[PDB]
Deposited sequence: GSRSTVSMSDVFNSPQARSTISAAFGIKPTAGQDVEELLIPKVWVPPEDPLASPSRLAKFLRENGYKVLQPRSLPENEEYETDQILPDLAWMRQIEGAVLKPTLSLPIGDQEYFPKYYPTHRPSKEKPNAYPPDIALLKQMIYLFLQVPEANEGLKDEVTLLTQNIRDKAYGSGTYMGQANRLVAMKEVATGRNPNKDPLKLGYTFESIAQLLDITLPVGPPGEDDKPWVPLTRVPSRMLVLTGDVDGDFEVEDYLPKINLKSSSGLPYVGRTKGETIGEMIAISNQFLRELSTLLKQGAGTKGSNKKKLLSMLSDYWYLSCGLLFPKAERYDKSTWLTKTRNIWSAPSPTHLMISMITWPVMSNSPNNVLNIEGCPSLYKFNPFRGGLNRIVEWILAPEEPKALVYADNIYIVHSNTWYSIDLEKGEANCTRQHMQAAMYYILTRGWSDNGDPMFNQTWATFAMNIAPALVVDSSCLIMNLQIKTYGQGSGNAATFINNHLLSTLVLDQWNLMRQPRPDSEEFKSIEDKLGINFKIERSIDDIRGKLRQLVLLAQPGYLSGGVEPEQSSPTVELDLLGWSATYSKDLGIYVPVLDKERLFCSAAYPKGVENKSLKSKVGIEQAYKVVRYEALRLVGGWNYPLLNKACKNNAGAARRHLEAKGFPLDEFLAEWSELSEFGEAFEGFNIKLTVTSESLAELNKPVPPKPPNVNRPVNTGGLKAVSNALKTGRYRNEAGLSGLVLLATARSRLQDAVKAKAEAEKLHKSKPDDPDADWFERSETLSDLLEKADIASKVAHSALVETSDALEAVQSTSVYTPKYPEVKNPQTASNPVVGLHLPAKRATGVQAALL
């Protein structure tokens, strides 16, 4: 017979069968995955910081004396060999939480009699320990994942350029007005326009020794090319320097124009080729709880964008986005769940939204669509999302951000250097470009899987699915009619989950709510019922103490986290025996806080384990209070508790305080608030007639996109010749007379050889 143990024997991962460039290259070629002609880049060499950044010399109080820049002669080919953990030879990297499991089993045995509701917790945790494993996966899994990305983009349902499907930059931007309302960059709104290099984004206000405008980047993530094996914090100076140089070289090429008889293309192609590496990401293997059976066939990838490319794109993206908290909870008609938080009465409000008689109705967050239809809740995901994204998808997103975010009442708050970068360079850098895995520079299909960088592109993709959903009279998500939306758009999607009779099930939560922390203020004997909405990973349960619905983390997610904790990740001179225990207090208490409090055995076992570490440290004299000062950064669930300034306690009071309703933040939209909902906008757009609500800046961006790269400064001017003649009254009749004006100056680029394509081909020469 079979063995089956109470505690599974230490798992030994299989040998990675693609641990060689030779082997990997074979696999990619065998699947028709494209391997690029290897590009090389100059060796990094020292240079005085005073010389490269003279304007940032005043860092003489409280920089790094020299900088390492890709300037020295002798080219090298870049190499990225990430470590996979666990592995066959080093298997003990991330052990399952056996101490937790033993404690749960222990407490179950202490219970006088029976109870299978309790035992289900021990079963579920055990099943996770057996089936899954936390780690970096394998090269074989990464490569294998990539072939799936190519299949999404070029196989079953090949990607479609939205502009060749009737959509325009403006009509898309009018849809994003509803599904992603955006304001101006800013409290008080004192922000600078997109007209300067990153160096001058720090201002020496008041002479004789600083206002900070640069987007925030986390100092611990990898720098990327040209600094493999270095972090963003270690390359801050370098990141600015390269961005400066690139943007300065760009503004020269536009200042110089296209020259006589196009004798300046060489200068453009020269530059783009020299900065090829700005379009090459590192295939970082993402660490998560993969299941053992697919350890060799699925490993999620993070496309580590080079820091200059990130900095420049986030200079366009972040000042707008970190200042637009506009969602379903503060704008009527709005389906966006952007910056939604389930605490502070947040979840109750979504549940009340569901209970409302209205249907069909949709909610969006990036690559997530939630739909209630015929009293059924549908949770929908785009297949790989990023993989479906084309360059025109992103340049449409860029058009939207610059139009509604970086424009004062029609007027552009951006120069032509930033306009040309956003419309014609940035999408080519990040979508359908390349990545460096081992020593191999290989193509990426669609956008690379970031998670912050990919938000707006994915949200756009879903917005199109939503528009298309409206156009065919809002069919039931499971129907054939709904499924035909992916054949029409080239975007892959699938129903992740559906709950029949959603309103009845939600209502029943009020009746069947058990005693607990939020109902009677006691330690729960039994789990209180939930509806597993998976609303951004959150479920709904009812609180009798507060009289409202309160969030509990999705049950599978909760027990998936409980089974395999994330690693510490680097521990230098900072203590020794204290840190290991201290992290466990964080681990166990944070588990309770997100939803462990609802699950009697998990709640009690976590409480005991945390209390055990807490008492040990308290007798040892560890500064635990000072440690937990920003526990938010130390926990994998910390994001949801950011700026909340609340202690790790998980009591009746703390849980009630965490959920006590607070009025939603006032919306910040740069234009008069639209409250018509998406359904109406979809029909107004299908007619073909719609107003150019972008203003002048929209005509500037249409000219920049629709003409040649080097003739960008002429493009703005020709669009201003149009703006001075007052018609606006229809976008299409306006858009076509602009295309003629571009043909009158011979600046309009040839079909299939657009400004965006030319820079794509230039990036690998």
Which parts of the deposited sequence lack C-alpha coordinates? 1 to 33, 96 to 99, 224, 248 to 251, 770 to 772, 811 to 852
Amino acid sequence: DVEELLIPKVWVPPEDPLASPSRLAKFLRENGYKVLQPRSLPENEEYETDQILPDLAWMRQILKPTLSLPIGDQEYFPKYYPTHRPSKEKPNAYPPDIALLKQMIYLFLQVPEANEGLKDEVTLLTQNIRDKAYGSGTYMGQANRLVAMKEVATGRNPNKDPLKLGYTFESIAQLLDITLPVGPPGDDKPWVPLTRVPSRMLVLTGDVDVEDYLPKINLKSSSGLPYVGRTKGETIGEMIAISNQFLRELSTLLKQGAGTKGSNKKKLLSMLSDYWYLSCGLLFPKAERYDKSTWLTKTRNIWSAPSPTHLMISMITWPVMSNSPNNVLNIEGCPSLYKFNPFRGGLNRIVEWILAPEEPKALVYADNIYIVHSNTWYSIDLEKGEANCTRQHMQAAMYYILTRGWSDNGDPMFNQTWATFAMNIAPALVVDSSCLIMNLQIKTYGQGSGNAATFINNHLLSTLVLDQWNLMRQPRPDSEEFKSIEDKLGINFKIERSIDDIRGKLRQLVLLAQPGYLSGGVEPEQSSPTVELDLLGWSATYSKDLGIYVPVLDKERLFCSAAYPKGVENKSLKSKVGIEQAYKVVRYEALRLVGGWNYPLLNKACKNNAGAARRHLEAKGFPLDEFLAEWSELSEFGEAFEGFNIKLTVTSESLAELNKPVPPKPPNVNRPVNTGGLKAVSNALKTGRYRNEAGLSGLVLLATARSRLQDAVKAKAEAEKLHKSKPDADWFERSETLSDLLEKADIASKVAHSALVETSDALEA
From here on, numbers count along this sequence of modelled residues.
Average Cα temperature factor in the PDB entry - higher stretch of 682 to 690, 100 to 108: 682 to 690
Averaged over C-alpha atoms, is the B-factor higher for 641 to 649 or for 537 to 545 in this PDB entry? 641 to 649
Choose from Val197, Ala428, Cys435, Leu602 the residue with the greatest Cα B-factor as stated in the PDB record. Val197
Determine, from the deposited record, the chain-internal third of the Cα B-factor for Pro360: lowest, middle or highest. lowest
Using the B-factor values recorded in the entry, state whether the Cα atom of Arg60 falls in the lowest, middle or highest third among the modelled residues of its chain. highest
Could you tell me which third, lowest, middle or highest, the C-alpha B-factor of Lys34 occupies within its chain? lowest
Of the three thirds of its chain by CA temperature factor, lowest, middle or highest, which one includes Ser725? highest
Chain-relative C-alpha B factor for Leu250 (record values, thirds): the lowest
